[PDB]
Protein chains: 2
Amino acid sequence: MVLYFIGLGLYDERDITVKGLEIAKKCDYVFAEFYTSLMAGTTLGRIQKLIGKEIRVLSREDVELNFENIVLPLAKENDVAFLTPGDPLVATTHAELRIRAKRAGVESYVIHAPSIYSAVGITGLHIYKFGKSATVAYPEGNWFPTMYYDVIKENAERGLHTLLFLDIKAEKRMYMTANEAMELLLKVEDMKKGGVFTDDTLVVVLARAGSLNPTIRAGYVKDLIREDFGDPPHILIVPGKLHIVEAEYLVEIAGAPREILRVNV
Amino acid sequence: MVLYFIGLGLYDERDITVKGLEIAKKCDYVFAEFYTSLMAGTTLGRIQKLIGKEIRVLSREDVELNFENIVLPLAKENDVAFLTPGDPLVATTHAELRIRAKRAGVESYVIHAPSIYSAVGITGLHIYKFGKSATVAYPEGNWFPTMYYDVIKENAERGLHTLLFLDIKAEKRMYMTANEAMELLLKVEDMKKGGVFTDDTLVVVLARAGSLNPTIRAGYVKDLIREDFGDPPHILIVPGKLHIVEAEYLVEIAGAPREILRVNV
Ligand SMILES: Nc1ncnc2c1ncn2[C@@H]1O[C@H](CSCC[C@H](N)C(=O)O)[C@@H](O)[C@H]1O
Ligand code: NA
């Protein structure tokens with residue numbers, strides 16, 4: 001009958017919306033993927049208990065190569081749901097799956113859930129001031145990604161904040177920490193020498209957004225690069241020019257150095 | 001001793017998270033504000049019933065001028081909830097309320113919910129390609145603001161998408177339509193001649209995000225300017241150059257003309 005893309009939220013099984021839970025509980029088949037992000041405060045068991053259904057977990061290969069062969073066929077005679085961490089269509093390629101649904105003659109609906117993209121609002125940074133976003137990918141082999149460095153540069157030049165999604169290798173259970181992202185950025189800085197990311201750069205770290213006590217820290221790279229921000233997932237933000245109110249929140253809530261209050265207008 | 005900032009989500013009373021609802025139910029006092037935005041798909045009465053607690057509504061002045069006299073005193077000896085549409089702190093001024101909480105010796109926690117910032121992912125446009133965001137405001141008397149026009153120009157310039165919030169008179173329950181926003185943008189173009197927004201500009205309109213049946217339309221201004229997109233709230237997006245996958249989604253899901261596949265990619 002129909003296919004539902006339902007977000008599970010930021011941290012635990014309760015970050016799903018009431019709308020999402022009520023709809024998920026009535027579906028005949030429930031699929032899910034847990035490779036696009038990490039929900040550090042729950043387990044498949046708890047999610048299954050809350051929804052009261054067995055969930056078939058799909059790999060990136062199952063989705064990217066066989067979504068129309070695994071999920072869509074059932075969505076023809078049944079109500080099917082496809083669950084994902086955070087919001088289904090944020091920093092994923094899942095939107096394209098709706099195109100496959102259409103071609104397969106399957107109607108699809110989207111149920112949103114809290115997302116890291118908007119959750120960054122808890123850092124006190126004005127969300128409208130964010131510019132282009134990027135992802136810090138783990139170097140592999142002789143391939144060392146560095147494009148995210150240029151994104152930061154372009155944004156900072158315009159006084160905009162840069163949100164940096166951090167890498168994740170779900171199968172290896174590897175989640176990139178803000179510390180690793182900073183290390184990589186310093187290395188890129190040495191090669192490019194654009195003066196974009198140095199030990200004196202002010203950065204912001206948000207770890208485990210969604211939990212009741214996420215880690216929110218702001219400060220210079222030289223002081224934060226070896227700080228313990230707790231378990232993943234983490235996101236790194238490189239702010240552009242700060243408004244006084246943003247600085248005030250970073251100081252009061254994120255433990256930032258009180259000197260950033262002095263904005264060089 | 002605890003204050004909870006809880007997001008209500010995008011459209012109706014079921015858009016709050018399970019975590020947000022359960023926490024609100026265990027709170028001694030539940031406050032709410034509807035001056036930053038409105039919940040178009042529901043009513044105070046319906047939200048009040050779902051939570052099963054009397055909800056005290058606060059005006060902009062109640063919050064901005066007297067938050068520490070109305071809400072904080074109670075949170076000193078009780079568990080208090082402060083409900084807001086969307087995701088807490090996405091509204092710029094609310095972040096500062098956490099500082100007021102701190103100075104009153106009150107702990108505060110944030111319970112996230114979907115925001116239009118992440119919800120726009122449903123347009124098929126890549127979230128990372130969005131640039132600086134802006135709000136389109138109605139001219140008045142001798143005042144004609146046009147800042148939002150320059151934001152579109154700077155983003156598009158760099159191949160980034162521009163998310164445009166449309167004017168809302170929360171208290172008067174009046175919404176600016178995408179049609180009105182397009183008319184205004186054409187006026188600004190006529191005045192600035194930047195070639196930023198014209199009859200040939202491709203735009204995307206998202207109406208009632210959060211609803212199971214939102215309106216997602218994409219096309220050129222000349223064709224959409226007088227189209228009916230349904231009841232508010234309306235969100236207008238001026239895409240930067242598209243990735244073929246974005247274009248395909250707009251055509252297949254948003255009813256965009258095949259033309260965009262060659263003109264806007
Ligand atoms: N709760 C959380 N706290 C901190 N970072 C998070 C996070 N959830 C996701 N991320 C960040 O985003 C990356 C996944 S990108 C997929 C995001 C998802 N669709 C959403 O809407 O949130 C992670 O590697 C991490 O860097
Ligand atoms: Na943005």
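Here the residues of each chain are numbered from 1 in the order the sequence is written, which can differ from the numbering of the entry; residues without coordinates are not included. Naming scheme: in the order in which they are written, chains are lettered from A and ligands are numbered from 1. Side-chain metrics in this entry use all non-hydrogen atoms of the structure; hydrogen atoms and water are not considered.

## Notes on the environment of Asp223(A)
Okay, step 1: We count a stretch as a helix when DSSP gives it H or I for four or more residues in a row; a strand needs E for two or more, and each element gets its number in order from the N terminus. Inspection of the secondary structure assignment puts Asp223(A) in helix α8 (residues 221-224).
Okay, step 2: The sequence separation of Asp223(A) and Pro114(A) amounts to 109 residues, and the corresponding C-alpha distance is 31 Å.

## Things to note about the interface of chain B and chain A
Okay, step 1: Contacts between chain B and chain A engage 53 residues on the former and 51 residues on the latter.
Okay, step 2: By convention, the term buried area covers the 1.4 Å-probe accessible surface removed from two parts as they join, with the contributions of both added. Of the roughly 4800 Å² buried between chain B and chain A, counting both surfaces, carbon and sulfur atoms make up 64%.
Okay, step 3: When the area that chain B buries against chain A is broken down by residue, the three leading residues are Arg14(B), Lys19(B) and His112(B), summing to 14%.
Okay, step 4: Put simply, a salt bridge is a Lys or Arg side-chain nitrogen that is within 4 Å of an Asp or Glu carboxyl oxygen. Here chain B is connected to chain A by nine salt bridges.
Okay, step 5: The salt bridge partner of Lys102(B) is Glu252(A), with a shortest N-O separation of 2.7 Å.
Okay, step 6: Throughout this description, a polar contact denotes any pair of N or O atoms lying within 3.5 Å of each other; where both atoms belong to protein, one of them has to be capable of donating a hydrogen while the other can accept it, and for residues adjacent in sequence the pair is counted only when both atoms sit in side chains. On the surface where chain B and chain A come into contact, there are 22 residue pairs in polar contact.
Okay, step 7: Contributions of two or more residues to the side of chain B that touches chain A are made by α1 (18-25), α5 (95-103), β5 (107-111), α6 (116-119), α7 (147-157) and α10 (244-252) of chain B.
Okay, step 8: Just so you know the grouping, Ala, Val, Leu, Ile, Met, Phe, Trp, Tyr, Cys and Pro go in nonpolar, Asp, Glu, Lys and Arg go in charged, and all remaining residues, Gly too, go in polar. Grouping the constituent residues of the side of chain B that touches chain A by class yields 26 nonpolar, 13 polar and 14 charged. Only heavy atoms enter the contact rule, under which two residues are in contact if any of them lie within 4.5 Å.

## Some points on the packing of aromatic side chains
Okay, step 1: Only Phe, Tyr and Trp rings take part, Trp by its six-membered ring, and two of them pair if their centres are within 6.5 Å. Stacked means planes under 30 degrees apart, edge-to-face means over 60, and tilted covers everything else. Evaluated as defined, the whole model comprises eight aromatic pairs over all chains.
Okay, step 2: Aromatic side chains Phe67(A) and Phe82(A) sit 5.1 Å apart centroid to centroid with 70 degrees between the ring planes, which places their arrangement in the edge-to-face category. In this pair, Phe67(A) is assigned in helix α3 (residues 60-70) and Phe82(A) in strand β4 (residues 79-84), connecting sequence segments 15 residues apart.
Okay, step 3: Burial status follows relative accessibility: with a 1.4 Å probe on protein chains alone, a residue under 20% of its type maximum counts as buried, one over 50% as exposed, and anything between as partly exposed. Residue class for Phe67(A) comes out buried when judged on its relative accessible area of 0%.
Okay, step 4: With relative accessibility at 0%, the residue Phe82(A) sits in the buried group.
Okay, step 5: Note on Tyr117(B) and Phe165(B): the rings are 5.2 Å apart at their centroids and 50 degrees apart in plane angle, and the pair reads as tilted. Here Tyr117(B), found in helix α6, pairs with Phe165(B), found in strand β7 (residues 162-166); they are 48 residues apart in sequence, far enough to count as distant.
Okay, step 6: Members of the aromatic cluster, joined through ring pairs, are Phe5(A), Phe67(A) and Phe82(A).

## Some remarks on the site of ligand 1
Residues and elements named next belong to chain A.
Okay, step 1: When at least one non-hydrogen atom of a residue lies within 4 Å of a molecule or strand, that residue is treated as near it. Around ligand 1 there are 19 residues in total, and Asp-87, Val-90, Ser-115, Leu-166 and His-234 lie nearest to it.
Okay, step 2: Take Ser-115: an N or O atom from its side chain is 2.7 Å from an oxygen atom of ligand 1.
Okay, step 3: Interatomic distance of 3.1 Å between a backbone N/O atom of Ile-116 and an oxygen atom of ligand 1.
Okay, step 4: When ligand 1 sits alone it has 550 Å² of accessible area, and the protein chains cover 96% of it.
Okay, step 5: Within the residue set of the shell around ligand 1, elements represented by two or more residues are β7 (162-166) and β12 (234-238).
Okay, step 6: Domain segmentation is taken from an automatic or database assignment of domains. Counting residues domain by domain, the shell around ligand 1 receives three or more from each of domain 1 (1-114) and domain 2 (115-265). Note on areas: Shrake-Rupley, 1.4 Å probe, and residue coverage restricted to the protein chains presented here.

## Side note on the sheet that holds strand β3 (residues 55-57) of chain A
Residue and element names in this part refer to chain A.
Okay, step 1: Criterion used throughout: strands pair if DSSP finds at least two bridges between them. Read across the sheet, five strands follow the order β3-β2-β4-β1-β5 without closing on themselves; strand pairing throughout is parallel. Strands with a single pairing partner mark the edges of an open sheet, and in this sheet they are β3 and β5 (107-111). Averaged over all pairs of adjacent strands, the angle between their axes in this sheet comes to 25 degrees, without regard to strand direction.
Okay, step 2: With six bridges connecting them, strand β1 (residues 2-7) and β4 associate as parallel partners. Counted as the bridge partner of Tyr-4 is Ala-81 from β4.
Okay, step 3: Here an axis means a line fitted to C-alpha atoms, over the contact stretch when the element is a helix, while the angle between two N-to-C directions is reported on a 0 to 180 degree scale. The strands that helix α2 (residues 44-51) touches are β3 and β4; relative to β3, the one it contacts most, it runs at about 145 degrees.
Okay, step 4: Of the strands in this sheet, β1, β4 and β5 touch helix α4 (residues 95-103), which is tilted by about 155 degrees from β5.

## Some details on the packing of α7(B) against helix α8 (residues 178-192) of chain B
Each pair of packed helices can be summarised by the angle the axes make with each other and by the distance between the axes.
Residue and element names in this part refer to chain B.
Okay, step 1: The interhelical angle for the contact between α7 and α8, taken along N-to-C directions, is 80 degrees, at an axis separation of 10 Å. Taken as axis vectors, α7 and α8 run roughly perpendicular relative to one another. Residue-level contacts link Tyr-148, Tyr-149, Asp-150 and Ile-152 of α7 to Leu-184, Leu-185, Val-188, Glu-189 and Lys-192 of α8.
Okay, step 2: The residue makeup of the contact of α7 with α8, split by class, is six nonpolar, no polar and three charged. Under this scheme an angle from 65 to 115 degrees is roughly perpendicular, one under 35 degrees roughly parallel, and one over 145 degrees roughly antiparallel; angles in between are oblique.

## Points about the relation of the copies chain B and chain A
Okay, step 1: The copies are aligned by least squares, using only their C-alpha atoms. Rotating chain B by 180 degrees about the axis while translating it 0.1 Å along that axis superimposes it on chain A, leaving an RMSD of 1.0 Å. Here the copies are linked by what is in effect a two-fold axis.
Okay, step 2: Taken together, the interface assignments show that 91% of the residues at the interface of chain B recur at the interface of chain A, consistent with an identical surface on both copies.

## Points about the environment of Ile235(B)
Okay, step 1: Along the chain, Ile235(B) falls in strand β12 (residues 234-238).
Okay, step 2: Along the sequence, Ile235(B) and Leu206(B) sit 29 residues apart, while their C-alpha atoms lie 5.2 Å from each other.

## Some remarks on the nonpolar core
Okay, step 1: Among buried residues, those of type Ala, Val, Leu, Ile, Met, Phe, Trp, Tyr and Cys that are joined through side-chain atoms within 4.5 Å constitute a nonpolar core. Formed by 97 residues in total, the largest nonpolar core has its most connected members in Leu3(A) and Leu3(B).
Okay, step 2: The element contributing the most residues to this core is helix α9 (residues 244-254) of chain A, with five residues.
Okay, step 3: When near neighbours in sequence (up to four residues on either side) are disregarded, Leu3(A) contacts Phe67(A), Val71(A), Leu72(A), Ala75(A), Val80(A), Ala81(A), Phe82(A), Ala101(A), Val106(A), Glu107(A), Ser108(A) and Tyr109(A).
Okay, step 4: Grouped together as the second largest cluster of nonpolar side chains are 42 residues, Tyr4(B), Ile6(B), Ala24(B) and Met39(B) included.

## Points about the side chain of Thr201(A)
Residue and element names in this part refer to chain A.
Okay, step 1: Relative to the helices and strands, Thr-201 is located in the loop between α7 (178-192) and β10 (202-207).
Okay, step 2: Residue classification places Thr-201 among the buried positions, given a relative accessible area of 13%.
Okay, step 3: Residues contacting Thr-201, with those up to four places away along its chain left out, are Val-196, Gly-219, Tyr-220, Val-221 and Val-238.

## Some details on the UniProt feature "binding site: S-adenosyl-L-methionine" in chain A
Okay, step 1: UniProt positions are given in the numbering used here, feature names are shortened, and annotations may be inferred rather than shown by experiment. Residues annotated in UniProt with the feature "binding site: S-adenosyl-L-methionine" correspond here to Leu10(A), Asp87(A), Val90(A), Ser115(A), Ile116(A), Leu166(A), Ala209(A) and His234(A).
Okay, step 2: In this fold, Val90(A) is placed in the loop between β4 and α4.
Okay, step 3: Overall, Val90(A) belongs to the buried group, its relative accessible area being 7%.
Okay, step 4: For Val90(A), the residues in contact, after removing those within four places along its chain, are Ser115(A), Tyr117(A), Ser118(B) and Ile127(B).
Okay, step 5: Overall, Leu166(A) belongs to the buried group, its relative accessible area being 11%.
Okay, step 6: Excluding anything up to four places from it in sequence, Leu166(A) contacts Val136(A), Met176(A), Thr177(A), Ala178(A), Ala181(A), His234(A), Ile235(A) and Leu236(A).

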